[PDB]
Amino acid sequence: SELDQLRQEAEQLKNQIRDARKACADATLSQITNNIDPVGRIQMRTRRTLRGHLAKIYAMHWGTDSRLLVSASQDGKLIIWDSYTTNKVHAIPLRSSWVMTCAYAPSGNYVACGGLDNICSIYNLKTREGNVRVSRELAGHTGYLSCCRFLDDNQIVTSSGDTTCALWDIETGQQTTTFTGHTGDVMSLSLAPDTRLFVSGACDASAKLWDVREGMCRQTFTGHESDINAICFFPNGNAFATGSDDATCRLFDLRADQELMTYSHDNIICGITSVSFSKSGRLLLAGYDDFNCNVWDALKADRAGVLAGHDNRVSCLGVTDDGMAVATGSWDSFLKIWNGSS
Amino acid sequence: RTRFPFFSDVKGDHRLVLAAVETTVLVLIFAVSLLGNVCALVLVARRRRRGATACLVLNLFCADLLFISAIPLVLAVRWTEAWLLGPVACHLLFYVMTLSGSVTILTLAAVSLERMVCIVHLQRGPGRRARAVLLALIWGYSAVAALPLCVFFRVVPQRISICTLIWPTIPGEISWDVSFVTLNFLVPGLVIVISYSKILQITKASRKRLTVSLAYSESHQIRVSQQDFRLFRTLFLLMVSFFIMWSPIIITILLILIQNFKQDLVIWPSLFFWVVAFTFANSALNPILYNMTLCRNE
Amino acid sequence: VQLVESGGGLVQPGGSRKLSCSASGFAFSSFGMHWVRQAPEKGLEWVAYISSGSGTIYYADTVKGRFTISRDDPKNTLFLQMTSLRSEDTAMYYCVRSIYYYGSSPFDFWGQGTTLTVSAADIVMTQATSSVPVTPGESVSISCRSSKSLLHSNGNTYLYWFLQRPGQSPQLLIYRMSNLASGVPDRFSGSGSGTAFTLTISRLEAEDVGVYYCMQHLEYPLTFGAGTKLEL
Amino acid sequence: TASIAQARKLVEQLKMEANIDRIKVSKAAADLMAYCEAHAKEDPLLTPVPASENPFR
Ligand SMILES: CC/C=C/C/C=C/C/C=C/C/C=C\C/C=C\C/C=C/CCC(=O)O
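Protein chains in written order, with the deposited numbering: chain B, 2 to 343; chain R, 22 to 146, 150 to 183, 191 to 329; chain N, 2 to 121, 137 to 248; chain G, 6 to 62.
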């Protein structure tokens, strides 16, 4: 017995970390937060409907300004919209129709798209010629690109279905770092607010904390019974929320190394597609497969509002940087801007 | 010169009971037709707002909503019996009712030619403006067609007054009536029957090619063809409901035509009111027929 | 980016002349194009504007009806045909770029210019000539005033600042009163409060000499300033 | 042969992961409580802003 001895050692180590996680669990968040006041019904009206795509929308990303948003649909078109005036600033024609992810640079100078083409293509919006052109096609991935997010204008972290995430230097076009450890297609990636750490959600039903500079996983979070389809970091960056196809969302803590609360209901049996917190981290919005989009209070797991405005699968969801609007994008080629009305 | 007391039964029996019955069957018809139309029109607007293939069914949904816009004056006159309303107010009723009727029958026959043109010819690949040009023509041809029922119409006293039709030229009157019957009830029924015979023969041909060209089994054909009656019943019901619902008004028109010469053929104005109520009820289930499979009573 | 122009010169009064603006180096089919003219020994003045795809066309009331403007985007050329040229239309005509989306900078690149020598209400902007004998290493503030509040309700303040070197075409310094144009040094700055605007230079060098113009952009009748000239 | 190298990489990865001094949940949730209750006056969805200052009006 050669492989059996150290594989045993491996399950002994994982049991050790399990009892360490269990030992540090002083109390559950639900009882700790049972003394706080409930948010109550949250009514959001669709202030703007961004019509214009002619195919299912697979991803949307707000610009740092909180006014421009990029949207990617399988019509082969990536459109930058002006949310305030429902106008289309640009409509980039994608080389491949199959787009599964879209990103907006923190500066706003660039946007990126990825998909079954297996390449993340960076587009330079600010050009002297006056047209948006592909600056760099990052092509070193074996599997489809699931989510791509920019740290700077030169560095972008991309998640793929080859079970690996990679940090890319746009100028050279080479992966500075490759993150390996997932045994299943990575479907989602969220960076820390400080952009020092990122959490990746995969079909192996595990989410791993990775550090961009060290190059490898720091922590692994388990507890989902099905593939994680969406992941989002809490505003502080000490927590993240994961949405899976078992119709449940879980809040994990990077310091307690374990989950804290689970957001599920017997009325919902459709898997999550995209999640995102509010500005203060009190509202965890989640887009579901049943055409709806619940608004979970991320402190008591009490469902506090539903955004029912779509007729197909809600695929993307994003709250602005100032937290003053929520944009949902579903498979009926319509984006919708929501905000609370007083 | 008894002409015809349109909606003016001078001597009713148990009018207290009779007038009450007419008013009730009429407000219920108004309620159901208006509710169904405001539900179906907003549903189809929401569907088309999502970029649904341009359609003509909303034209039917607004035409039959306009159809029930004249029944308030109808049951207002049903009590009074004598048409107290002024001639100009009286012209409007007979003119709009026969503008909606000839815009409903013609859109029902245009919806069924658009459907046998797509499910057969333009399978998936017709100008919205081309359909728009047909649509505006339908509303127009209908208004122009029933214009003779506004010009050759005038109230005349009897005993105490009735809003009958003057129609000075009897040969012209019969020519217009036959051209209205053969161009607003005959050829639309023919094209509807022809179109729904095609959407059937093509479906039966596809199923037979499935069962004789791909070498299916008899047990399998019955686990796939579980909708053949479901589709059949649906479209046969469409055709027969159209015919059996729009036939009474045409046969009443023809019998009051032959009254023009056969004055001996005493006919009941109450019968005319009843067939008019039936034609009003036609607008009550047009949303039901064209939104049947969408919602089977929830 | 390059905008070369052809046509224009000695025109007898009452005649006609067509001016061509050949655009090469950018997507000409997606740029709104304006024509601006500058009378000799005088400031600039707007002439005409044609939107992308010729959808919307405007003219200045001085030349409205007499001038016509058209673009040929397959060959990337903008045209201006003038009829019945009087003695007041003698000026150097500039063919400028302009693109209008959120965050865009209109009036990016100005044309070379062609001299026109014909022989034998609205918003007005006021700025004194103010020929300041400046020296390299001086902080100078250039102020121009508007007859109306330039600040629109959406938040923008449609004021544009232009710099024209002696013997060269104008360029964009600051657009919307606070946004620096891409290409100019950071030393330029601007501010305002709806009226009585100013442009501040902190590290004035020997290159920042010429005439400074300020322009409104709320309504299409457009008006420049008199022009502040900096020497020494 | 090749699997022993990745197994060794995994065991050192777990060894470096285990050497983390984790804080208690009570101290960890208290910081999250302070963050949620101290930034509620600025959040525009927990406490909506009046429409006078709302740019999505
Ligand atoms: C499809 C068309 C519309 C259907 C619904 C119509 C409702 C209103 C009924 C209008 C009937 C109009 C004319 C009928 C024919 C001619 C009247 C002439 C007969 C009276 C006797 C005489 O000629 O002296």
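C-beta atoms are modelled at their ideal positions from N, C-alpha and C, and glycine is treated no differently.
Which partner residues of residue i appear in the DSSP bridge assignment?
i                   : result
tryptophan 47(N)    : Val37(N)
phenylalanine 68(N) : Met83(N)
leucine 79(B)       : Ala73(B), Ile93(B)
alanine 231(B)      : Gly244(B)
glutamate 260(B)    : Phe253(B)
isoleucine 193(R)   : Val180(R)
Do you know whose CA, among the options, lies nearest residue i's CA?
i                 : options                                    : result
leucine 261(B)    : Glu17(G), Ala7(G), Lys29(G), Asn24(G)      : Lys29(G)
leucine 198(B)    : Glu226(B), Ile229(B), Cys166(B), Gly224(B) : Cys166(B)
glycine 33(R)     : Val65(R), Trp100(R), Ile50(R)              : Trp100(R)
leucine 320(R)    : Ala312(R), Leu268(R), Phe311(R)            : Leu268(R)
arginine 72(N)    : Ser52(N), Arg192(N), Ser17(N)              : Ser52(N)
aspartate 290(B)  : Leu300(B), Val276(B), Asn237(B)            : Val276(B)
residue 1(B)      : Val100(B), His54(B), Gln17(B), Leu117(B)   : Residue 1(B) cannot be examined here, being either before or after the span of chain B that is shown, 2 to 343.
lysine 164(N)     : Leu246(N), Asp224(N), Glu235(N), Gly243(N) : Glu235(N)
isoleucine 270(B) : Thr249(B), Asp254(B), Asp258(B)            : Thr249(B)
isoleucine 158(N) : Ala144(N), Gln3(N), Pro237(N), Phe68(N)    : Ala144(N)
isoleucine 162(R) : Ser192(R), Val132(R), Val141(R)            : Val132(R)
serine 85(N)      : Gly112(N), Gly199(N), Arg67(N), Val200(N)  : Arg67(N)
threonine 118(N)  : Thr216(N), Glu247(N), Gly16(N), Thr244(N)  : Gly16(N)
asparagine 230(B) : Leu252(B), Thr321(B), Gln220(B), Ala203(B) : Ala203(B)
Answer with yes or no whether the minimum CB distance from residue i to chain B is below 8 Å.
i                   : result
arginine 71(R)      : yes
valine 119(N)       : no
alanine 10(G)       : no
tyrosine 50(N)      : no
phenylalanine 32(N) : yes
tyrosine 176(N)     : no
For residue i and chain N, any beta-carbon pair shorter than 8 Å?
i                 : result
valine 71(B)      : no
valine 112(B)     : no
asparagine 132(B) : yes
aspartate 83(B)   : yes
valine 135(B)     : no
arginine 256(B)   : no
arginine 129(B)   : yes
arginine 8(B)     : no
Check this for me: beta carbons of residue i and residue j, under 8 Å apart or not?
i                    : j                    : result
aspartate 154(B)     : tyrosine 85(B)       : no
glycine 282(B)       : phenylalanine 235(B) : yes
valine 140(N)        : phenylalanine 108(N) : no
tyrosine 94(N)       : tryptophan 36(N)     : yes
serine 207(B)        : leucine 190(B)       : no
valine 296(B)        : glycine 306(B)       : yes
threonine 44(R)      : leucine 127(R)       : no
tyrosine 264(B)      : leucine 285(B)       : yes
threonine 159(B)     : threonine 184(B)     : no
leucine 188(N)       : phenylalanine 213(N) : no
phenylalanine 335(B) : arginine 68(B)       : no
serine 21(N)         : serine 7(N)          : yes
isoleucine 201(R)    : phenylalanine 176(R) : no
Within 8 Å (strictly less), CB to CB, does residue i reach chain R?
i                : result
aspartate 312(B) : yes
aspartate 333(B) : yes
Does residue i come within less than 8 Å of chain G when only Cβ atoms are used?
i                 : result
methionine 262(B) : no
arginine 42(B)    : no
Taking the continuous alpha helix (DSSP H) assigned at residue i, which residues delimit it?
i                : result
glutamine 290(R) : 259-292
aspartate 36(G)  : 30-43
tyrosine 116(R)  : 108-139
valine 38(R)     : 36-70
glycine 164(R)   : 152-170
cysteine 83(R)   : 78-88
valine 212(R)    : 201-212
Note the first and the last residue of the continuous beta strand (DSSP E) segment covering residue i.
i                : result
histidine 54(B)  : Looking at the DSSP string, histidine 54(B) is not in any beta strand (DSSP E), and its letter there is neither H nor E.
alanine 113(B)   : 111-115
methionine 21(G) : Note, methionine 21(G): premise wrong, no beta strand (DSSP E); alpha helix (DSSP H) at 7-23.
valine 54(G)     : Premise fails: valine 54(G) is in no beta strand (DSSP E) and is neither H nor E.
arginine 134(B)  : 134-139
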